[PDB]
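Structural features, examined
The lines below spell out each chain.
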Amino acid sequence: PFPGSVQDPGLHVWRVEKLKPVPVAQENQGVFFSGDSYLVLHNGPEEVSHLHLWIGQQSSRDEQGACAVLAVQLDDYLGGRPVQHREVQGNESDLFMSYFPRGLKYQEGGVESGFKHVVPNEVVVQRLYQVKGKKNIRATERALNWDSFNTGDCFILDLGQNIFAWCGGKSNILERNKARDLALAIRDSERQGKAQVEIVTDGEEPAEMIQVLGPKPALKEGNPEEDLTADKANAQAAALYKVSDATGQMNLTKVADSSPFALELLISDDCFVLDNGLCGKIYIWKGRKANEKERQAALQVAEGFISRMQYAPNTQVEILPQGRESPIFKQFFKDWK
């Protein structure tokens, strides 16, 4: 029941937690929480071994009992060779004391070391929806990428505090209004507080709309290919997301949901999460000039993906720094490699 490598040379320290002897962090040794009891084992191998039972002053009697029991669990695993001593807090032994040069530090109450103030920072999810339905209206989430837009329809860009009803040139005044409504829906209905809605016309996009999508290209006419709303897309089901706090916020944006991804999507100042969780892996690409929070966050959304979509909880989350990308990972247009 012990970390096992106890025969190894030197001094070993463990804080009896519940009934489990936890190895005391090598740095932290010499500081004893008085509410607990400890097992400190000093053996100079080609010398004698000494198992010392340190008793916290604030340690309950029987919480000491358990430690005593752990002592023998140990002494036994070492064939009785060890010499055992019951060191009380504050009245230790010259030999025990000799284990700690610097000296001894006793703590009371307080929180375990490393205790942290855990704050759930908001993450703004930028979404793009494609409005459809002459009669009854229904908007479908699309990836925030110009490949998603066409001139015949209206789209809703929910970019956090700013929401846009972008309307293609060849779209109706009607679709424009449904779009306007759905957008108002979000702002208002969907948790009111502070969000400004703006109707945008094909060609006159605002600065934000470009900071997100990038310089506008030429867009696709109306409805091409011969399938219906039957298939998700055409081929597979892998999606690419971007994680960046560049705005002082932390935003997650689906930047692609197509088959061959464009390498241009991978920006060096961010982290991305290429979700292939459906058939196996969920990669995380760490761009050279990205920060820790972005890295830490990308991990968290890869987990949020496994939950949300119900992937085998034992799906592999592979991190890949930039340049050091795995060959499989290169699920991008050609030239990736």
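- If you check the header, you'll see the entry was determined by X-ray crystallography and the resolution is listed as 2.50 Å.

- As recorded in the PDB entry, the chain goes by the name Macrophage capping protein, listed as coming from Homo sapiens.
- Its UniProt record, at the heading Function, says of the chain: "Calcium-sensitive protein which reversibly blocks the barbed ends of actin filaments but does not sever preformed actin filaments. May play an important role in macrophage function. May play a role in regulating cytoplasmic and/or nuclear structures through potential interactions with actin. May bind DNA."
- In the Subunit (literature references left out) part of its UniProt record, the chain is described as follows: "Interacts with NUP62. Interacts with NUTF2 and RAN; involved in CAPG nuclear import."

1. Here we look at the overall build of the chain
- Broken down by element type, the chain carries five helices and 17 strands.
- The globule rule puts the C-alpha radius of gyration for 337 residues at 20 Å, and the 30 Å found for the chain is more than 25% above it.
- Restricting to contacts in the chain with at least 6 residues of sequence separation, those with at least 24 account for 57%.

2. Concerning the pairing of strand β6 (residues 83-88)
- As paired elements, strand β5 (residues 49-55) and β6 share six bridges and run parallel to each other. Of the residues in β6, the one forming a bridge with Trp54 is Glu87.
- Note on the crossover from β5 through helix α1 (residues 61-77) to β6: the handedness is right-handed.

3. A short note on the UniProt feature "repeat: Gelsolin-like" in the chain
- The positions that UniProt labels "repeat: Gelsolin-like" are, in the present scheme, residues 17-65, 137-177 and 250-296.
- Strand forms 41% of residues 137-177 and helix 12%; the C-alpha atoms that close the span are 11 Å apart.

4. Considering the packing of aromatic side chains
- With a centroid separation of 6.0 Å and 40 degrees between ring planes, the pair formed by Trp54 and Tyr106 is classed as tilted. Placement of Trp54 in strand β5 and of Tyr106 in strand β7 (residues 105-107) is noted, with a sequence separation of 52 residues between them.
- Judged by centre distance (5.1 Å) and plane angle (85 degrees), the rings of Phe332 and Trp336 are edge-to-face.
- Among the aromatic residues, those joined into a ring-pair cluster are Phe32, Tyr38, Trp54, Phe96, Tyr99, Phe100 and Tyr106.

5. Side note on the domain arrangement of the chain
- Looking at the assigned domains, one finds that the chain contains domain 1 (1-109), domain 2 (122-223) and domain 3 (236-335).
- Just the C-alpha atoms count here: the centres of domain 1 and domain 2 sit 65 Å apart.

6. Concerning the pattern of salt bridges
- The closest approach of N and O atoms between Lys254 and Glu141, which form a salt bridge, is 3.9 Å. Of the two residues, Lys254 is situated in strand β14 (residues 251-256) and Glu141 in strand β9 (residues 138-142); the sequence distance between them amounts to 113 residues.
- Its salt-bridge partner being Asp202, residue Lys216 comes within 2.7 Å of it at the nearest N-O pair. With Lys216 in the loop between α4 (207-213) and β13 (239-244) and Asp202 in the loop between β12 (196-201) and α4, this residue pair connects regions lying 14 residues apart in the sequence.
- Ionic contacts of the salt-bridge type, sharing partners, join the residues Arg15, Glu17 and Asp36 into one network.

7. Overview of the environment of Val24
- By the element assignment, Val24 lies in the loop between β2 (21-23) and β3 (31-33).
- Distance in space between the C-alpha atoms of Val24 and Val40 is 9.4 Å, their sequence separation being 16 residues.
- In this view, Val24 contacts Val13, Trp14, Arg15, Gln29 and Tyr38; residues no more than four positions away in its chain are not counted.

8. A look at the sheet that holds β5
- With mixed pairing, the five strands of this open sheet are ordered in space as β2-β1-β4-β5-β6. One side of each edge strand has no neighbouring strand; the edge strands of this open sheet are β2 and β6. Strand-to-strand twist of the sheet, defined as the mean angle between neighbouring strand axes without regard to direction, takes the value 25 degrees.
- Sheet analysis places strand β1 (residues 10-16) next to strand β4 (residues 37-43), joined by seven bridges and oriented antiparallel. When the bridges of β4 are listed, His12 appears paired with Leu41.
- Its contacts with the sheet place α1 against β1, β2, β4, β5 and β6, and it is angled at close to 25 degrees to β4.

9. Some thoughts on α1
- Taking 1.5 Å as the rise per residue, α1 with 17 residues should run 24 Å; its terminal C-alpha atoms sit 24 Å apart, in good agreement.
- Just downstream of α1 lies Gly79, where phi reads positive at about 60 degrees.

10. Considerations on the pairing of strand β11 (residues 162-167)
- The pairing of strand β10 (residues 154-159) with β11 spans six bridges and is classified as antiparallel. Opposite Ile156, over in β11, you have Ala165 as the bridge partner.
- Turn length for the β10-β11 hairpin, with the two strands adjacent in sequence and antiparallel, is two residues, and the turn residue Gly160 shows positive phi of about 85 degrees.
- As defined by bridge partners, β11 adjoins β12 across six bridges and the pair is classed as parallel. Bridge assignment links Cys167 to a residue of β12, and that residue is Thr201.
- Handedness of the crossover joining β11 and β12 through helix α3 (residues 173-187) is recorded here as right-handed.

Definitions and cut-offs
Residues numbered from 1 in each chain as written, not as in the entry; some residues may be left out. Heavy atoms only, no water. Residues with missing side-chain atoms left out of burial classes, pairs and counts. UniProt positions renumbered as here; feature names shortened; annotations may be inferred. Helix = DSSP H or I, 4+ residues; strand = E, 2+ residues; numbered from the N terminus. Rg over C-alpha atoms; globule rule 2.2 N^0.38 Å. Contact = heavy atoms within 4.5 Å. Pairing = 2+ DSSP bridges. Right-handed = clockwise from strand over helix to strand, strands pointing away. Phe/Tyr/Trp six-rings, centres within 6.5 Å; stacked < 30°, edge-to-face > 60°. Domains from an automatic or database assignment. Salt bridge = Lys/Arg side-chain N within 4 Å of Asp/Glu carboxyl O. Axes fitted to C-alpha atoms, helices over the stretch in contact; angles between N-to-C directions. Expected span 1.5 Å × (residues − 1).

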